[PDB]
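Each value in this text was obtained by applying a stated rule to the coordinates, not by laboratory testing. A quick note on method: Cβ atoms are made from the backbone with ideal geometry, for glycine too, and the neighbour counts reach across all protein chains shown.
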Amino acid sequence: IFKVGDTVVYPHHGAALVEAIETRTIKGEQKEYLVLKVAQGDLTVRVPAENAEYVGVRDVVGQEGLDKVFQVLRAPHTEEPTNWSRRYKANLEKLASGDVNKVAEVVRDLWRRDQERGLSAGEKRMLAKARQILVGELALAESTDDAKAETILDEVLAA
Amino acid sequence: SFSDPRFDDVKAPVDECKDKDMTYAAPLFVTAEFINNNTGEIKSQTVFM
Amino acid sequence: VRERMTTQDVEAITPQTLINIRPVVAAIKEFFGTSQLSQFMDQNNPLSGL
């Protein structure tokens, strides 16, 4: 599955690259830990090859996944009722889910909010971090530059 | 788990510290390490201390 | 660390988010200043400095 140079997503730390796989033994078992280090967090994280999908690591989103996430960011109005604190807990859970589709739904909801009403400090920090991780994902899914992805966001948010 | 305390060079030379009231100091970096037993990982960084 | 070791969500924490240095830095800074073994260097000549 995985090899050196695999541009890979890692919940929750977003995108990151692998340097190698070290032949380390734990409990008499020479496990093949893959040594992966992220760019955002600035840290390395090595993990067994086996439990990759179990912890939740994933190949970068393919172009059809990109199309679906754009379609989810261009999604309809479907919204939550009153108790914004209820929605705060909800969309924070969504963020914690680490799925690109759900995170896009988070950022789209907060976009329709801060466009119209105006968030609070916690709301804006929420939207900021969500947009950060989503920009990282899009930049490394299109295989493009940073500001390009945010521009694609603001232009897809517009429609 | 912690390990490997290393000092970078001082941030201000002595005389300028004494002048501007800067306390003559130097940063600590400590290579931390987080390990989950149930699944098995490492979260190794270079923390500013 | 062990306090927020569980309040945080597993498979999401980083040591940077676990480690809080503020108590360390406060402890040091309240040692060198304001502690009866951290004194003004009594320098009214080289011998007193020594």
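From the helices alone, meaning DSSP H stretches of at least four residues, give me the mean residue ellipticity at 222 nm for chain B, per-run term -39500 (n - 2.57), in deg cm²/dmol to the nearest 500.
Values: 1 runs with 7 residues, N = 49.
Here the helix-only value at 222 nm equals -3500 deg cm²/dmol.
If we count every other residue with Cβ under 14 angstrom of B:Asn36's Cβ, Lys/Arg +1 and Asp/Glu -1, where does the sum land? Don't skip to the end; give the middle numbers.
Working: positive: A:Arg46, B:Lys43; negative: B:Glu33, B:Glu41, C:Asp9, C:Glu11.
Residues close to B:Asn36 contribute a combined charge of -2.
Restricting everything to alpha-carbon atoms, can you work out Rg to Rh for chain B with a Kirkwood hydrodynamic radius?
Working: Rg = 16.5 Å, Rh = 12.9 Å.
Here Rg/Rh amounts to 1.27.
What shape does chain C have by the C-alpha gyration tensor, where a ≥ b ≥ c are the square roots of the eigenvalues, rounded means a/c under 1.5, and otherwise prolate means a/b greater than b/c and oblate the rest? Present the calculation step by step, with values, prior to reporting the outcome.
Values: a/c = 7.75, a/b = 4.51, b/c = 1.72.
Prolate is the answer for chain C, as a/c is 1.5 or above and a/b outweighs b/c.
So for the range A:1-59, Kirkwood radius off the Cα pairs, Stokes-Einstein at 20 °C and 1.002 mPa s: how many µm² s⁻¹? Don't skip to the answer; put the middle values down first.
Values: Rh = 11.5 Å.
Approximately 186 µm²/s, per Stokes-Einstein.
Partner chain Cβ atoms within 10 Å, averaged over the residues of C:7-17 - can you pull that number for me?
Values: counts 0, 0, 2, 3, 11, 5, 4, 13, 15, 10, 3.
Rounded to a whole number, the mean comes out at 6.
Could you tell me the distance between the Cα centroids of the range A:100-129 and chain C, to the nearest Å?
Computed from Cα coordinates, the inter-centre distance equals 38 Å.
Report, please, the projected area of the range A:102-159 averaged over directions, based on the convex hull of its C-alpha atoms, in nm². Please list the in-between numbers first.
Details: hull surface 15.4 nm².
Projected area, direction-averaged: 3.9 nm².
Taking just the alpha-carbon atoms of the protein assembly as shown, what radius of gyration and Dmax come out, in angstrom?
Cα radius of gyration and Dmax of the protein assembly as shown are 24.1, 82 Å respectively.
For a quick check: with amide H placed at 1.01 Å from N, whose amide H comes under 5 Å from B:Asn36's, ignoring anything fewer than 5 positions away on the same chain?
It is B:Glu41, by chain and number.
Evaluate the charge dipole of the protein assembly as shown about its Cα centre and quote only its size in Debye, nearest 20, assuming +1 on the Cβ of each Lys and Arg and -1 on the Cβ of each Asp and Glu.
On the way: 32 positive and 41 negative charges, 149 e Å.
Charge dipole, the protein assembly as shown, about its Cα centre: 720 debye, nearest 20.
For the peptides C:29-40, A:30-41, C:11-22, what is the packing order when you average, over each peptide's residues, the other Cβ atoms within 10 Å and list the highest mean first?
Details: C:29-40: 8.7, A:30-41: 17.2, C:11-22: 15.1.
Final packing ranking: A:30-41, C:11-22, C:29-40.
What average count of beta carbons from other chains do you get within 10 Å of the Cβ of residues in A:42-52? Could the numbers behind the result be given before it?
On the way: counts 4, 13, 5, 7, 5, 5, 3, 0, 1, 4, 0.
Mean partner-chain Cβ count within 10 Å for A:42-52: 4.
Between the range A:12-85 and the range A:138-158, what is the separation of their alpha carbon centroids in Å?
If we compute the Cα centre of each part, the gap is 19 Å.
Please turn the phi angles of the range A:29-45 into ³J(HN,Hα) values with the Karplus equation 6.51 cos²θ - 1.76 cosθ + 1.60 (θ = phi - 60°), one per residue in order, whole Hz, x for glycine and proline.
With coefficients 6.51, -1.76 and 1.60, one gets 10, 6, 5, 9, 4, 8, 8, 10, 10, 8, 8, 5, x, 6, 10, 9, 9 Hz.
If you wrap a convex hull around the Cα atoms of the range A:60-159, how much volume per residue is inside, in Å³? Kindly include the intermediate steps, with their values, before the conclusion.
On the way: hull volume 9.4 nm³, N = 100.
Spread over its residues, the Cα hull of the range A:60-159 gives 94 Å³ apiece.
How far is helix A:100-116 tilted, in degrees, relative to the longest principal axis of the Cα atoms in chain A, given as a value from 0 to 90 rounded to the nearest 10?
In chain A, helix A:100-116 runs at an angle near 30 degrees to the longest axis.
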